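Data block below; observations after.
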Amino acid sequence: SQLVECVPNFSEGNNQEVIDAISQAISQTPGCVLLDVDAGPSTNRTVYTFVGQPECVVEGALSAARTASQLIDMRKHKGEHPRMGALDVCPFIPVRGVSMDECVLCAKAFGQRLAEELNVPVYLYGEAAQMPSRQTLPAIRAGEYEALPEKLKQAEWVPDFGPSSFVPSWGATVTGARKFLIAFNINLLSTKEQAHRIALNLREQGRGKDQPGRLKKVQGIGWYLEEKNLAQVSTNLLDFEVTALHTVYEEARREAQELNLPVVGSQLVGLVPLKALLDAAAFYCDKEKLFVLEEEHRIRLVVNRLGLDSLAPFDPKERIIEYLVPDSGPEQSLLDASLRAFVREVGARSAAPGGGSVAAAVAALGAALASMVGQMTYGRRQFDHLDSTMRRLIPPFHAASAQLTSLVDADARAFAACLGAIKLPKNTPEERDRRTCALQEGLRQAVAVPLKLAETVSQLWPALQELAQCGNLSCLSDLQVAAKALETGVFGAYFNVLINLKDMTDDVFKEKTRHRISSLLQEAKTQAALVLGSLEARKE
Amino acid sequence: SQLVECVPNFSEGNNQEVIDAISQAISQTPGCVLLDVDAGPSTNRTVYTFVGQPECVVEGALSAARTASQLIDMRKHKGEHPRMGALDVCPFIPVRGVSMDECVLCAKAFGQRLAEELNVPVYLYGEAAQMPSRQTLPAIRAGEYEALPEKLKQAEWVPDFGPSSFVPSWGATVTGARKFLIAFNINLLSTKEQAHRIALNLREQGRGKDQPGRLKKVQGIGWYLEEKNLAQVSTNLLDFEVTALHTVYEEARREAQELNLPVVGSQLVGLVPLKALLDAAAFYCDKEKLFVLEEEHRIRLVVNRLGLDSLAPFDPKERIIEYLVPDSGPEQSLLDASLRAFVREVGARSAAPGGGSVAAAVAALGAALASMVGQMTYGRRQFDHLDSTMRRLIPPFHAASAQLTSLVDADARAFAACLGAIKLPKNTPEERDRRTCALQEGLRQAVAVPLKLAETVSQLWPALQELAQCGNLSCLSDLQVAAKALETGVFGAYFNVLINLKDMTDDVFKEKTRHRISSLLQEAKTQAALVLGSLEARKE
Amino acid sequence: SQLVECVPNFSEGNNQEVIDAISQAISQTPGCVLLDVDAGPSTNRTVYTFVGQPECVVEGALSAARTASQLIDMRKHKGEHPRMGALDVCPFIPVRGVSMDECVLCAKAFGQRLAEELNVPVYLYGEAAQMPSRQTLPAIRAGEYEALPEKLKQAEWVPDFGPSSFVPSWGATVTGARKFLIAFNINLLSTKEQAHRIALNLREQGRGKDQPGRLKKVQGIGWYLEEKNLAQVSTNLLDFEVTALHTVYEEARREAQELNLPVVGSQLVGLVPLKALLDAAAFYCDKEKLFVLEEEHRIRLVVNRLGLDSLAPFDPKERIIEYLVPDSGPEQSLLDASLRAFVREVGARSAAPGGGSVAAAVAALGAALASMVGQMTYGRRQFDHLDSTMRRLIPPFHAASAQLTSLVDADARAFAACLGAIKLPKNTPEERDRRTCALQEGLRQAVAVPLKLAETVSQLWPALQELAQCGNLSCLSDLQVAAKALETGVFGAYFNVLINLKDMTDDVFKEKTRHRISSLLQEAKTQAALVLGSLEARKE
């Protein structure tokens, strides 16, 4: 969790010893993970891609520059790509959790610590650069390599970081932060000229100046795969939030049905963020009017809808960032060791798993049961008259189910942080009144999870209630347990909040939480009942 | 589960091709597992050991005889051990679950099907043989190989199975069933003469006839390890239930402290049944007045107390039968897939895990919590005044905990058998009224598990109650959840019984179970309360 | 050319030595090519697939039976698939050129020569069997293996070939001929119950008896891929000519949009005939209103439209029969050796390539030019007002072009057959008057090709004429050459017909052909003119 992508643009030099050496120092930096090293001989550069935590990535960022520092002379460099330094652009993008404003500050970090530890001209670009002339990267590339022999000495071209000095084997470097960018191609069975037409009509810059295309923040052109004999509308989604991965496709689609040319799927080039193609998914269900519950299957759909496997197969387990580098943290979850392990664990001399945890798991067992009857009352003809209802309510349970299963973690994290506080020196005014202060912020979390666990289970009630009305019938049992399990879930949640609020100071927060919690318990108590009622009175 | 050991005594011609060939045909028999093949060159025989289900082992038993049939000529056999056939004794012993009487019937099976499929003289011995002259194996071995040239033709020596015929390359064979036998040696730092004295005094036959030794059903002698310069009281426990593994040791111990000779531990030779050394364990706690909760640790004790690792280390994971071949069954347990797996499973379109199962797990989470507070109130000085009580009640919870964890299985088994019935032809009188009949016996089990799940949780109540009185206090929360969890456990249990009793015919059984169940639910309802009461009124 | 598929159903004893041995004897038969050997352990059979000429395949068919004859004992065979013999069904299907009626006669051949060379009961089935009870294969499989112990001795079950005898290691065999069958699955993101609903609605047998499904000659069911968590409408196209590969897909498509379930592509299982998916292609252009000229590209479309690469990629170069085994013949074509080779070849002391051949090539150069200007006037905006016309005429040229390129072969074949006749003994009445007779049938062909070459070029005239009207203009030159080239093409064609008709006897055929040819030459002469006229008068 807290993922930032970082794509250093390395001026290849062209020769293993340089590449794999940079590509190690970056991969022997703790806290980031090396995701791909694209090298291109005729372009004579190597793009490296790696993700990780805010400060961790910056290490790898500059851990990689100090290894290329003593490995590339730009004097003997000349690639067929408008390079500039030995590290041209080195941008820092969000993936999950981290917002622009952070990525802008990572750029501030790398930029400083770099020009310092080397002595080189560096200007920050994009969502970084303050001077409103530098956000465009190609503008800074002021005619590449041979520029600094005049340009790092102009009141105009003053670097945002780093002296004004010129180094023989270096050529300036540019940090920054942009939005995540996706490479998308659209397969036309047409001709390069036509394909390029279509593209001019989609892309935002449009045919020249005045008269943009249709999609905003989509840039691209017409292209032709040589070996496949296949034309391409090759594009860059500059922001998958503004213009989506499907609204490109679905649009080029129209574009082409206006000129009677078949579109034969697409390809994503490089790595993609989960959301990009997960919104896409939701789009085709919203509009095709469907019900695709399990996430994997939503990826399966949003492939096939865009024919993403047309030029090669699309291994999502290897193409998606959030899957390439999952968000674990330190030490493994109990979530991952066998049921037997979990049970015969809480009951260890474990102060560790327990109470607040079995609360969560009993509750997640709870939801999942309701989820399952939902599905047990689904598909199979006969229940048809309820498909509309089953579709409405199977989800909240299923999604809440997993969410509570995840509170098992939350709980363990909370505790360990509470423990970290407790184990904290003491005594002298500077760290007694500050040790105390963090312990309170400890409990804070400790409290907040059970509280969530309640809040969350407390929403399922009405849908549980309705599911209990119809909803197979041969799962009567399963619903009764379900009702009862979610109930004790909230009981657990309740207790666990109280016992913590005990060591809480901040009566407002307290008194308020105290009361919120109990109502929820109360609601649980009553709600659980009628469910059980309904069921009983159902017994027909 | 249902383990039978089977130790064919093979007249090893002495030569790989014979051994490893038998030892495969036995190991390529489905339903048994090959545990060890002991071969002795100067004895010129090979003892094979393998376990498994009643009928499964018999296959391997006779699957191994038909491969040695066409691989050993007794004409060129002559070992320094009183052999007789190519397969001397082939006995069948219980390990767990299967009783003597069954092992006596396996002997009946192998004996028949063998002399039939070969044409050879076979007499059943031991707990088998009916003629009260044949229970002793050495009596039948009527002077080994050269005997049948006169003895398989005597109204006296008539074989219990098989013609009376003589085969050149075979020499009769003897099936049977005995009790499980352990090889036990006792290490004396003495002399072979002395060691053998000690032994005559323990062993049941004693010094000659009249005047037996002390231990019943222990036979053995004085012996001397050459390379270690170490004497040995070498014994055979003929029945670890009558005279125990420790009562031998602890006795030789006295025996030697009567003659001022040190005893320096012991060794088990071959394989041992879990109970043998698990009772032993319980002995040293009973008498040493201790509290050793976890099973492994009990093995660790009953090692060290008998110095079982003195001649080599004792790998219990590899010496104990019940560990060598665990009692799984068909397909794996859910008990073994991650907590996430279990949750995100019951809530699958699974008719399969669910209801009755989450009942069990919520209940096992329940017990384990109470167990944990017990231990959380144990050890650490301060709680001293409660050590006596903690020791008294931590167990029942802990042992019940695991027992309910195991009902997860039970449940899944029940269901699958119920399903097996349902999926059963139908229609013609022979199999409608008999399909029906098994389905009822189906539900029977389906009912019996939740019912157990209640019964079992219903015993913990009073100890829970008392643990709730004292019992740390900083686990207040943990006990409250615990109380609540066991409660809903019984709720689940309750419902699940009812819904099955619905399709039950047999109103007596019904009406009775109906009522038993509800009382227990009731008891759960009230009992759970005061626990919660006590705890609340404890809040000091 | 002349392709027949042959799928022997072998009762796989299960063990390499059996499989790969059959699979060689079949692949060491000259005139057939081994296309795939599917083996299934739990089914315990191996389906072999191979293609080739009518009589050639039959060799392999029976060349494979005589090797399995002495390699499989049905006595130790027992698979989980309703087998019968060691070679269950051995059917013979058309692929290209060969008609049913031939495939029915191949079945007549294998059936006879087999039961003869072995002595076994064989009945022909399907489009073969005369008795209207045997066309259904499962009916003959009269309860598999244990049947002949009573059934090969019933006035009823009299074999259509082979005695009535029973062999221990064989179990009867069934030849026949059916239509080509495709395995097609439709990927539903639904549930197995639903998927199977959809399927009952498509398949011809429908929900039970009375009330068939929608598609005729499509049989299939509901199915579920375990590892992918993905349901499937699994079908068999029993005749891709009656119900097409797309009309299945496009129908399941509606079927599912009636129940709001997404369909996520499909998979073809095994091998497919080119036409099946080539008609499909033409369908999506007919209805999507497009222009997809080049064949490969048409496969690319009809992939993507059915998402045929969704479960794995679809390598048409390796999935399509007509591509797996192309239709070459004896010795290579000149079509395949470099332009230099061809030129510096006709002009060898070659009686061989020449005249009639350079006729064909000059003509194919002709068409291809006109084709190219068509495309040179296509795509690129500006020529928009002509897209409709360009689409109408680019093809006939392009398709005729390749067709004439293929007359290069024709010509060479003709000649070689003419030569084969000439080189034919002579002299005695039996073979002078019969040698003569074949030589005439020689010239016949020799004539027919140039004649085709004329006829074919003679159709392009009016489209050439119209293409000459508009049609770029910067290719003026290219059209002029084109006109001129097609002209001399017909000249060549003309001469070559005459010179052969010289040795022709059959004045009717002659006089008629003489005249037809000349008119065409004439037409060529005049037509070529105005084309050239138009072009000249175009010069603006």
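Start at 1 and count along the chain as shown; that gives each residue its number.
Determined via X-ray crystallography, 3.4 Å.
From the backbone N, Cα and C atoms, a Cβ is placed for every residue, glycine too.
Residues annotated as active site, for formimidoyltransferase activity in Swiss-Prot: A:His81. Of all the Cβ atoms in the protein chains shown, 14 others lie within 10 Å of the Cβ of A:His81 (active site, for formimidoyltransferase activity).
Sequence annotations record features per position, and here Swiss-Prot assigns folate binding site to A:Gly162, A:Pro163, A:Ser164, A:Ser165, A:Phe166, A:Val167, A:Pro168, A:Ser169, A:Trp170, A:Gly171 based on sequence analysis. Within its own chain, A:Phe166 (folate binding site) has A:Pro121, A:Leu148, A:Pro149, A:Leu152 as residues 6 or more apart in sequence whose C-beta sits under 8 angstroms from its own.
Sequence annotations record features per position, and here Swiss-Prot assigns region 'Formiminotransferase C-subdomain' to A:181-325.
If you look up Swiss-Prot, you'll see A:326-333 marked as region 'Linker'.
According to Swiss-Prot, the region 'Cyclodeaminase/cyclohydrolase' annotation covers A:334-540.
According to DSSP, A:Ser519 (phosphoserine) sits within a helical segment. Within the same chain, no residue at least 6 positions away in sequence has its Cβ under 8 Å from that of A:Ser519 (phosphoserine). Under the heading phosphoserine, Swiss-Prot lists A:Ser519.
Close to A:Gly162 (folate binding site) in the fold, though at least 6 residues off in sequence, lie A:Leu114, A:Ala115, A:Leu118, A:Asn119, A:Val120, A:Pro121, A:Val122, A:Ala172, each with a CB less than 8 Å from its CB. Comparing the binding-site residues A:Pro168, A:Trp170 on other C-beta atoms within 10 angstroms of each C-beta gives the minimum for A:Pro168. Secondary structure of the region 'Linker' (A:326-333) per DSSP, as helix, strand and coil residue counts: 0 helix, 0 strand, 8 coil. Cβ neighbours of A:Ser164 (folate binding site) (same chain, under 8 Å, six or more residues apart in sequence): A:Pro121, A:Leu152, A:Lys153, A:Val158.
Look at the region 'Formiminotransferase C-subdomain' (A:181-325): DSSP puts its residues at 57 helix, 32 strand, 56 coil. Recorded residues A:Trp170 (folate binding site) and A:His81 (active site, for formimidoyltransferase activity) have their alpha carbons 16 Å apart, per Cα-Cα distance. A:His81 (active site, for formimidoyltransferase activity) sits 19 Å from A:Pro168 (folate binding site), taking the CA atoms of both as reference points.
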